[PDB]
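Engineer: Here it is, the structure, as structure tokens.
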Amino acid sequence: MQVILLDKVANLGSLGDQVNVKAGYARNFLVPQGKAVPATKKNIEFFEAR
Amino acid sequence: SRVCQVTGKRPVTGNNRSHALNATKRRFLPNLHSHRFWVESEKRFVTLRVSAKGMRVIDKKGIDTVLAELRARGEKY
RNA sequence: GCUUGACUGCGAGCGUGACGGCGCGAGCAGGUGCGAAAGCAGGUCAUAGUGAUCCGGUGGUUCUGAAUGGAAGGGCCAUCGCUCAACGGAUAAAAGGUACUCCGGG
RNA sequence: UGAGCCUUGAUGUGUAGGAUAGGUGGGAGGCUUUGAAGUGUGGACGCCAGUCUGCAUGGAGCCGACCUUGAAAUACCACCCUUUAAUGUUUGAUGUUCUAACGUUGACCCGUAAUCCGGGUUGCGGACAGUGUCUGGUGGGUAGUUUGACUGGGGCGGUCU
RNA sequence: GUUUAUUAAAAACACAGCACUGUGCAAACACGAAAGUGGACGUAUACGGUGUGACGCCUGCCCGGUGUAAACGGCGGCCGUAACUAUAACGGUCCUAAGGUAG
RNA sequence: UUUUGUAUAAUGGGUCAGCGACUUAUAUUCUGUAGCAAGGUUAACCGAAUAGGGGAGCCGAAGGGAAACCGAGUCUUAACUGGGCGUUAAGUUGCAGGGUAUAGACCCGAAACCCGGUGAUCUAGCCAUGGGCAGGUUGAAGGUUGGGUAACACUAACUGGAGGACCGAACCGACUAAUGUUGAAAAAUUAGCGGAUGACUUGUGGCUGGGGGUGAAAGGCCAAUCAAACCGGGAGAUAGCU
RNA sequence: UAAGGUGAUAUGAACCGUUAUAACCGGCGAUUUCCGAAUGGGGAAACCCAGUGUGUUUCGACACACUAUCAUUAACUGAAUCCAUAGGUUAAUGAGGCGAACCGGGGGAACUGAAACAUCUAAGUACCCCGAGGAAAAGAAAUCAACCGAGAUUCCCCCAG
């Protein structure tokens, strides 16, 4: 789902992209381990600003 | 207890209806699972008995605003 | 030999049964058939040939239509599916064998 | 590896034929010596008529109604149908790798002069195991189905309208 | 030895022995909506379930349906064979897997 | 009292005194009485509180048809000579009484079902800690010597003291006979009987709780009870029975 | 307020007071043993067994204020593990228990009727559990109605069996 990456993880990321990934990746790689942010429809526009 | 700590879901009593409509009491058990979380703020592995629907809610919101209302209603972790 | 009166809407009044039922039924109106005509025909010489209620199938009736016009559903008419044979037909729902038998009594 | 798909390009004989031209639509100027029609096969399709393209005979025409075809443009521009090819997207099967999910009734350390519990580190399995929702089948091990009425001391056996 | 204390003490129940089935440990199985516990601080010479009932002669044949029958089970015909009958350890058949051994 | 039939030997009452059974609440129907009369009546409420106000609402004077609809006519049918149902004939509000239905509904009296608690001081089993078993008799393994063998095997004394061994006291149990059967005792006594060094028995404390527990298994026991304990409640369950 | 009184079975004894300190009746304050939420540890209820600061012209043993549990906050300390949590102690606040009915919520049967019986029914009733108060709950429409309109919630009588 709509999580945006931050790191040099393998080829679905380019230092930040909106993707449609499976649930394990989001929760058990990206929720609480780091490298991402949840899509609260505010954080995505905030990091679009950043 | 089998209580979803995030959404508040708990088992309720239902009935397994037959073809002859014989009533038998049964409780619907929510898909509850224990999963460990790693908070960068407090430097600790916290585990929570949540549902998969609670997992989807905490994927939508985030761990911090969920803990902000877990500290509210007397929950322990 | 000719024909559909084995037609619809009826029908006073009656017998017989606790009732439903069954049976005859003069005669009205329309439309028919036979006969030259008078007249007769609303099934089978009569007494048995039967399955009611519920559900479902088919068509119609513009009868109703949870805001309006529809529509759905319901109601009315005609009809069909049951050895419901235990047949005036108890519930959606049991049949059996003990020769695998046992107890009590005469 | 099987199925769909995004982009790139070919793909279609009533029959003769510069050429196996699909359908409805615009259209009278475009290219080649930054090397062209017209002829040939290999893998390839086949009604062996030939075409596609790698290669190649060749070195100056193709073209627009064209002098041919029942239906005219491989002069150009568009959404497309069938066939078929390429990597890749998407979804399944097979087996392998992981270490993060998860389990650990393996060992160690701390809270802790604690066989509870919690945390860390390490190892072992491992997307199984186990669990929630729905559902197919199995299951007289259990239950509800209640399993009808008339019969003279009597052994047979029937009857119901 | 034990049992129906208060109408039945035994031919009933149990019994070591013998045998079968299942269980590889976080065991089978059981009490538990779960935690946990028993099994067991035991490890296939151990444990659970079942059948028989000391001991001797002994347990013969069959795995087709659910190689293994001391499981759920079966052990029927035709002729041949132990001095004048019958029975047939044994050896063929009917392809149904095969037919009562000893006593 | 029940019966076709009771003095019947079919059921009940020893006697007396006291208590004790067709009611209450709500709808509906009928009769009598009472006001008003094509009208009758108020519910909640206000209230100087059984007064008065308050007519929201109910019944009836119009019915037919399933209904739209039509209307003193309506339904049926194309329409009836027609047929069914009605029409100009008074109801309503009170009170009392006789019924109906709902509730325990004239009164007393089941095997059963479920819920919440209490019991392992009795008994069944287990765990932890202690105690008891008079006396006599028989004599296993092992140790030594002798006979026998190349040496064991086998044999004869002595030592040794093992037995789910024997006889038999306390103790445990009740197989026979007798008494007791309004008992001495809601299971005992008297005389015989079996075990009595074990699978023995006992004291104390704990554990196992009812659709369960326990059970060397009788469907035995769980407080003199058990083919599902007691206490309280649903419950005044239900009865076509007496 | 007072000439009577010291409650009753219950006399008797010993007394007090009579014109203002007898008794009677009321408000306030204190004492308020022990068990019992029971609260220092235990506990077979009215019992047993301890520690810290304060006091002994008799400084032995003891009395006084304390020392139970949970939730939150603050402070001080404080692990693997740097940072920081968890953990420990103290201070303050609140609660623990009882109580006839009423309220909200979570579980929640069968007897009986249906003349059998399983749908239904009894019934969200009996019973259990948690919490709160003098009331609780609910309460200002994503409510009705039908083209007119009503205008939070609550209770009663009709509509309406």
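A note on labels: chains of the structure tokens are A, B, ... as shown, every chain counts residues from 1, and ligands are counted from 1 in their shown order.
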Mind checking which residues fall within 12 Å of residue 81 (chain C), counting only C-alpha atoms (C1' of nucleotides), ignoring those fewer than 3 positions away in the same chain, and posting them as a PyMOL selection string?

Structural biologist: chain C and resi 55-57

Engineer: Counting only C-alpha atoms (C1' of nucleotides), which residues from chain B have an atom at most 10 Å from any atom of chain E, and could you show them as an MDAnalysis selection string?

Structural biologist: chainID B and resid 1:2 27

Engineer: If we count only C-alpha atoms (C1' of nucleotides) and set the cut-off at 9 Å, which residues sit around residue 24 (chain G), ignoring sequence neighbours fewer than 2 positions away in its own chain? Please answer as a PDB file with N, CA and C atoms (P, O5', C5', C4', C3', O3' and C1' of nucleotides), in the first residue's frame.

Structural biologist:
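Listing of result.pdb after writing:
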ATOM      1  P     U G   1     -37.940  27.075  80.702  1.00  0.00           P
ATOM      2  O5'   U G   1     -38.067  25.694  81.488  1.00  0.00           O
ATOM      3  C5'   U G   1     -39.092  24.760  81.180  1.00  0.00           C
ATOM      4  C4'   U G   1     -38.788  23.403  81.767  1.00  0.00           C
ATOM      5  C3'   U G   1     -38.662  23.352  83.282  1.00  0.00           C
ATOM      6  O3'   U G   1     -39.918  23.240  83.929  1.00  0.00           O
ATOM      7  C1'   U G   1     -36.828  22.220  82.289  1.00  0.00           C
ATOM      8  P     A G   2     -40.193  24.002  85.315  1.00  0.00           P
ATOM      9  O5'   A G   2     -39.551  23.047  86.416  1.00  0.00           O
ATOM     10  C5'   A G   2     -39.953  21.689  86.529  1.00  0.00           C
ATOM     11  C4'   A G   2     -38.931  20.878  87.285  1.00  0.00           C
ATOM     12  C3'   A G   2     -38.614  21.364  88.692  1.00  0.00           C
ATOM     13  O3'   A G   2     -39.549  20.905  89.651  1.00  0.00           O
ATOM     14  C1'   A G   2     -36.599  20.979  87.523  1.00  0.00           C
ATOM     15  P     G G   5     -39.256  11.369  89.799  1.00  0.00           P
ATOM     16  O5'   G G   5     -37.683  11.112  89.817  1.00  0.00           O
ATOM     17  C5'   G G   5     -36.873  11.514  88.723  1.00  0.00           C
ATOM     18  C4'   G G   5     -35.404  11.501  89.068  1.00  0.00           C
ATOM     19  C3'   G G   5     -34.762  10.139  89.250  1.00  0.00           C
ATOM     20  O3'   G G   5     -34.483   9.485  88.027  1.00  0.00           O
ATOM     21  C1'   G G   5     -34.046  11.581  90.974  1.00  0.00           C
TER      22        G G   5
END

Engineer: With only C-alpha atoms (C1' of nucleotides) as the counted atoms, please give the residues lying no more than 9 Å from region 49-52 of chain E, apart from itself and same-chain residues fewer than 5 positions off, as number ranges by chain.

Structural biologist: E: 18-22, 29, 70

Engineer: List every residue of chain B that DSSP, applied to the backbone of this structure, assigns to helix (DSSP H, G or I), and report them as a list in words.

Structural biologist: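 Result set for chain B (helix (DSSP H, G or I)): residues 52, 53, 54, 55, 56, 57, 58, 59, 60, 63, 64, 65, 66, 67, 68, 69 and 70 of chain B.
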
Engineer: Create the file for the chosen residues now, containing N, CA and C atoms and written as a PDB file, in the first residue's frame.

Structural biologist:
ATOM      1  N   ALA B  52      -6.020  -8.101  13.449  1.00  0.00           N
ATOM      2  CA  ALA B  52      -5.505  -7.768  12.126  1.00  0.00           C
ATOM      3  C   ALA B  52      -6.140  -6.484  11.610  1.00  0.00           C
ATOM      4  N   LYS B  53      -7.405  -6.261  11.968  1.00  0.00           N
ATOM      5  CA  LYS B  53      -8.055  -4.988  11.691  1.00  0.00           C
ATOM      6  C   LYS B  53      -7.401  -3.862  12.476  1.00  0.00           C
ATOM      7  N   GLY B  54      -6.962  -4.135  13.704  1.00  0.00           N
ATOM      8  CA  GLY B  54      -6.154  -3.198  14.457  1.00  0.00           C
ATOM      9  C   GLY B  54      -4.806  -2.941  13.817  1.00  0.00           C
ATOM     10  N   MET B  55      -4.236  -3.965  13.174  1.00  0.00           N
ATOM     11  CA  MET B  55      -2.993  -3.804  12.426  1.00  0.00           C
ATOM     12  C   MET B  55      -3.205  -2.896  11.221  1.00  0.00           C
ATOM     13  N   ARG B  56      -4.363  -3.008  10.574  1.00  0.00           N
ATOM     14  CA  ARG B  56      -4.650  -2.153   9.428  1.00  0.00           C
ATOM     15  C   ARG B  56      -4.906  -0.715   9.880  1.00  0.00           C
ATOM     16  N   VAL B  57      -5.555  -0.562  11.039  1.00  0.00           N
ATOM     17  CA  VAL B  57      -5.771   0.761  11.629  1.00  0.00           C
ATOM     18  C   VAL B  57      -4.441   1.411  12.008  1.00  0.00           C
ATOM     19  N   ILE B  58      -3.522   0.631  12.581  1.00  0.00           N
ATOM     20  CA  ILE B  58      -2.248   1.212  12.997  1.00  0.00           C
ATOM     21  C   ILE B  58      -1.313   1.389  11.802  1.00  0.00           C
ATOM     22  N   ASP B  59      -1.599   0.721  10.681  1.00  0.00           N
ATOM     23  CA  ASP B  59      -0.904   1.045   9.440  1.00  0.00           C
ATOM     24  C   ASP B  59      -1.426   2.340   8.833  1.00  0.00           C
ATOM     25  N   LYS B  60      -2.735   2.579   8.932  1.00  0.00           N
ATOM     26  CA  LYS B  60      -3.282   3.852   8.473  1.00  0.00           C
ATOM     27  C   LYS B  60      -2.785   5.019   9.321  1.00  0.00           C
ATOM     28  N   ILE B  63       2.031   4.223  14.867  1.00  0.00           N
ATOM     29  CA  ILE B  63       2.146   3.646  16.207  1.00  0.00           C
ATOM     30  C   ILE B  63       2.012   4.720  17.284  1.00  0.00           C
ATOM     31  N   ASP B  64       2.435   5.950  16.978  1.00  0.00           N
ATOM     32  CA  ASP B  64       2.548   6.975  18.011  1.00  0.00           C
ATOM     33  C   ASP B  64       1.183   7.518  18.426  1.00  0.00           C
ATOM     34  N   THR B  65       0.302   7.803  17.464  1.00  0.00           N
ATOM     35  CA  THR B  65      -1.021   8.320  17.809  1.00  0.00           C
ATOM     36  C   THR B  65      -1.927   7.223  18.369  1.00  0.00           C
ATOM     37  N   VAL B  66      -1.558   5.956  18.174  1.00  0.00           N
ATOM     38  CA  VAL B  66      -2.256   4.834  18.795  1.00  0.00           C
ATOM     39  C   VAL B  66      -1.809   4.698  20.247  1.00  0.00           C
ATOM     40  N   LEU B  67      -0.499   4.822  20.499  1.00  0.00           N
ATOM     41  CA  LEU B  67      -0.006   4.829  21.878  1.00  0.00           C
ATOM     42  C   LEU B  67      -0.510   6.044  22.650  1.00  0.00           C
ATOM     43  N   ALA B  68      -0.758   7.152  21.944  1.00  0.00           N
ATOM     44  CA  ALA B  68      -1.321   8.355  22.551  1.00  0.00           C
ATOM     45  C   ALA B  68      -2.723   8.128  23.108  1.00  0.00           C
ATOM     46  N   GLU B  69      -3.468   7.184  22.531  1.00  0.00           N
ATOM     47  CA  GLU B  69      -4.761   6.814  23.092  1.00  0.00           C
ATOM     48  C   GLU B  69      -4.742   5.459  23.789  1.00  0.00           C
ATOM     49  N   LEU B  70      -3.610   4.752  23.776  1.00  0.00           N
ATOM     50  CA  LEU B  70      -3.413   3.590  24.638  1.00  0.00           C
ATOM     51  C   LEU B  70      -3.023   4.010  26.050  1.00  0.00           C
TER      52      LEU B  70
END

Engineer: Extract, using only C-alpha atoms (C1' of nucleotides), all DNA, RNA and protein residues at most 12 Å from residue 31 (chain A), discarding same-chain residues fewer than 5 positions from it, and format them as number ranges by chain.

Structural biologist: A: 3-5, 23-26, 36-39; B: 35-40, 55-56, 58-64; D: 100

Engineer: May I have the residues from that selection written out with N, CA and C atoms (P, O5', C5', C4', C3', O3' and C1' of nucleotides), as a PDB file, in the first residue's frame?

Structural biologist:
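Dumped to selection16.pdb:
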ATOM      1  N   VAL A   3       2.639   3.437   1.398  1.00  0.00           N
ATOM      2  CA  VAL A   3       3.828   3.864   2.133  1.00  0.00           C
ATOM      3  C   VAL A   3       4.903   4.361   1.174  1.00  0.00           C
ATOM      4  N   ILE A   4       5.610   5.414   1.585  1.00  0.00           N
ATOM      5  CA  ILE A   4       6.726   5.961   0.827  1.00  0.00           C
ATOM      6  C   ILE A   4       8.036   5.584   1.513  1.00  0.00           C
ATOM      7  N   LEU A   5       8.947   5.000   0.735  1.00  0.00           N
ATOM      8  CA  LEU A   5      10.258   4.558   1.192  1.00  0.00           C
ATOM      9  C   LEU A   5      11.196   5.742   1.417  1.00  0.00           C
ATOM     10  N   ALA A  23       1.373  -6.457   2.462  1.00  0.00           N
ATOM     11  CA  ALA A  23       1.222  -6.028   3.847  1.00  0.00           C
ATOM     12  C   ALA A  23       2.426  -6.350   4.719  1.00  0.00           C
ATOM     13  N   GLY A  24       3.184  -7.395   4.394  1.00  0.00           N
ATOM     14  CA  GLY A  24       4.330  -7.783   5.197  1.00  0.00           C
ATOM     15  C   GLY A  24       5.443  -6.756   5.176  1.00  0.00           C
ATOM     16  N   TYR A  25       5.671  -6.230   3.968  1.00  0.00           N
ATOM     17  CA  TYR A  25       6.650  -5.199   3.668  1.00  0.00           C
ATOM     18  C   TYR A  25       6.354  -3.970   4.514  1.00  0.00           C
ATOM     19  N   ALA A  26       5.123  -3.447   4.436  1.00  0.00           N
ATOM     20  CA  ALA A  26       4.695  -2.297   5.231  1.00  0.00           C
ATOM     21  C   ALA A  26       4.776  -2.602   6.722  1.00  0.00           C
ATOM     22  N   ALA A  36      10.283   4.401   6.453  1.00  0.00           N
ATOM     23  CA  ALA A  36       9.061   4.800   5.771  1.00  0.00           C
ATOM     24  C   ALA A  36       8.227   5.693   6.674  1.00  0.00           C
ATOM     25  N   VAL A  37       7.029   6.012   6.189  1.00  0.00           N
ATOM     26  CA  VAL A  37       6.046   6.792   6.934  1.00  0.00           C
ATOM     27  C   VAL A  37       4.659   6.298   6.520  1.00  0.00           C
ATOM     28  N   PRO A  38       3.690   6.224   7.434  1.00  0.00           N
ATOM     29  CA  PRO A  38       2.327   5.861   7.029  1.00  0.00           C
ATOM     30  C   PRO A  38       1.661   6.944   6.196  1.00  0.00           C
ATOM     31  N   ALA A  39       0.727   6.507   5.349  1.00  0.00           N
ATOM     32  CA  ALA A  39       0.018   7.402   4.434  1.00  0.00           C
ATOM     33  C   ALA A  39      -1.259   7.910   5.105  1.00  0.00           C
TER      34      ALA A  39
ATOM     35  N   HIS B  35       2.018  -9.246  18.328  1.00  0.00           N
ATOM     36  CA  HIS B  35       3.099  -8.821  17.444  1.00  0.00           C
ATOM     37  C   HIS B  35       3.927  -7.791  18.196  1.00  0.00           C
ATOM     38  N   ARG B  36       5.238  -7.822  17.984  1.00  0.00           N
ATOM     39  CA  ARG B  36       6.175  -6.957  18.689  1.00  0.00           C
ATOM     40  C   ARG B  36       6.410  -5.675  17.892  1.00  0.00           C
ATOM     41  N   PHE B  37       6.497  -4.546  18.595  1.00  0.00           N
ATOM     42  CA  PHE B  37       6.773  -3.243  18.000  1.00  0.00           C
ATOM     43  C   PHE B  37       8.047  -2.660  18.600  1.00  0.00           C
ATOM     44  N   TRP B  38       8.758  -1.867  17.807  1.00  0.00           N
ATOM     45  CA  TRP B  38      10.026  -1.278  18.214  1.00  0.00           C
ATOM     46  C   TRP B  38       9.910   0.243  18.189  1.00  0.00           C
ATOM     47  N   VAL B  39       9.799   0.844  19.370  1.00  0.00           N
ATOM     48  CA  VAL B  39       9.681   2.296  19.454  1.00  0.00           C
ATOM     49  C   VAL B  39      11.073   2.913  19.504  1.00  0.00           C
ATOM     50  N   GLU B  40      11.342   3.837  18.580  1.00  0.00           N
ATOM     51  CA  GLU B  40      12.616   4.545  18.550  1.00  0.00           C
ATOM     52  C   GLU B  40      12.723   5.595  19.655  1.00  0.00           C
ATOM     53  N   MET B  55      -4.236  -3.965  13.174  1.00  0.00           N
ATOM     54  CA  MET B  55      -2.993  -3.804  12.426  1.00  0.00           C
ATOM     55  C   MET B  55      -3.205  -2.896  11.221  1.00  0.00           C
ATOM     56  N   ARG B  56      -4.363  -3.008  10.574  1.00  0.00           N
ATOM     57  CA  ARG B  56      -4.650  -2.153   9.428  1.00  0.00           C
ATOM     58  C   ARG B  56      -4.906  -0.715   9.880  1.00  0.00           C
ATOM     59  N   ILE B  58      -3.522   0.631  12.581  1.00  0.00           N
ATOM     60  CA  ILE B  58      -2.248   1.212  12.997  1.00  0.00           C
ATOM     61  C   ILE B  58      -1.313   1.389  11.802  1.00  0.00           C
ATOM     62  N   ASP B  59      -1.599   0.721  10.681  1.00  0.00           N
ATOM     63  CA  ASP B  59      -0.904   1.045   9.440  1.00  0.00           C
ATOM     64  C   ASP B  59      -1.426   2.340   8.833  1.00  0.00           C
ATOM     65  N   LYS B  60      -2.735   2.579   8.932  1.00  0.00           N
ATOM     66  CA  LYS B  60      -3.282   3.852   8.473  1.00  0.00           C
ATOM     67  C   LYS B  60      -2.785   5.019   9.321  1.00  0.00           C
ATOM     68  N   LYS B  61      -2.942   4.922  10.639  1.00  0.00           N
ATOM     69  CA  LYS B  61      -2.607   6.021  11.539  1.00  0.00           C
ATOM     70  C   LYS B  61      -1.111   6.087  11.832  1.00  0.00           C
ATOM     71  N   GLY B  62      -0.571   5.040  12.448  1.00  0.00           N
ATOM     72  CA  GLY B  62       0.790   5.063  12.948  1.00  0.00           C
ATOM     73  C   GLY B  62       0.843   4.600  14.387  1.00  0.00           C
ATOM     74  N   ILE B  63       2.031   4.223  14.867  1.00  0.00           N
ATOM     75  CA  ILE B  63       2.146   3.646  16.207  1.00  0.00           C
ATOM     76  C   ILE B  63       2.012   4.720  17.284  1.00  0.00           C
ATOM     77  N   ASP B  64       2.435   5.950  16.978  1.00  0.00           N
ATOM     78  CA  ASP B  64       2.548   6.975  18.011  1.00  0.00           C
ATOM     79  C   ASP B  64       1.183   7.518  18.426  1.00  0.00           C
TER      80      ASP B  64
ATOM     81  P     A D 100      18.010 -10.328  11.066  1.00  0.00           P
ATOM     82  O5'   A D 100      16.633  -9.567  11.279  1.00  0.00           O
ATOM     83  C5'   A D 100      15.499 -10.348  11.639  1.00  0.00           C
ATOM     84  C4'   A D 100      14.200  -9.589  11.629  1.00  0.00           C
ATOM     85  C3'   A D 100      12.991 -10.466  11.950  1.00  0.00           C
ATOM     86  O3'   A D 100      12.039  -9.727  12.706  1.00  0.00           O
ATOM     87  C1'   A D 100      12.713  -9.494   9.819  1.00  0.00           C
TER      88        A D 100
END

Engineer: List the spatial neighbours of region 116-131 of chain F as a PDB file with N, CA, C and O atoms (P, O5', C5', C4', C3', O3' and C1' of nucleotides), in the first residue's frame - criterion: any atom at most 6 Å away, only C-alpha atoms (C1' of nucleotides), same-chain residues fewer than 6 positions off excluded.

Structural biologist:
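File written: around_29.pdb
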ATOM      1  P     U F 214     -12.169 -38.645  39.987  1.00  0.00           P
ATOM      2  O5'   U F 214     -12.293 -39.964  40.870  1.00  0.00           O
ATOM      3  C5'   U F 214     -11.842 -39.978  42.216  1.00  0.00           C
ATOM      4  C4'   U F 214     -12.606 -40.974  43.052  1.00  0.00           C
ATOM      5  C3'   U F 214     -12.551 -42.421  42.593  1.00  0.00           C
ATOM      6  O3'   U F 214     -11.355 -43.081  42.969  1.00  0.00           O
ATOM      7  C1'   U F 214     -14.783 -41.845  43.130  1.00  0.00           C
ATOM      8  P     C F 221     -25.273 -47.238  47.632  1.00  0.00           P
ATOM      9  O5'   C F 221     -24.025 -46.360  48.086  1.00  0.00           O
ATOM     10  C5'   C F 221     -23.289 -46.677  49.258  1.00  0.00           C
ATOM     11  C4'   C F 221     -22.160 -45.702  49.468  1.00  0.00           C
ATOM     12  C3'   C F 221     -22.554 -44.234  49.438  1.00  0.00           C
ATOM     13  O3'   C F 221     -23.051 -43.773  50.683  1.00  0.00           O
ATOM     14  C1'   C F 221     -20.664 -44.574  48.054  1.00  0.00           C
ATOM     15  P     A F 223     -24.372 -37.247  51.409  1.00  0.00           P
ATOM     16  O5'   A F 223     -24.601 -37.538  52.958  1.00  0.00           O
ATOM     17  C5'   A F 223     -24.579 -38.870  53.464  1.00  0.00           C
ATOM     18  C4'   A F 223     -24.372 -38.923  54.961  1.00  0.00           C
ATOM     19  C3'   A F 223     -25.393 -38.164  55.810  1.00  0.00           C
ATOM     20  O3'   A F 223     -25.640 -38.891  57.012  1.00  0.00           O
ATOM     21  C1'   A F 223     -23.219 -37.350  56.265  1.00  0.00           C
TER      22        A F 223
END
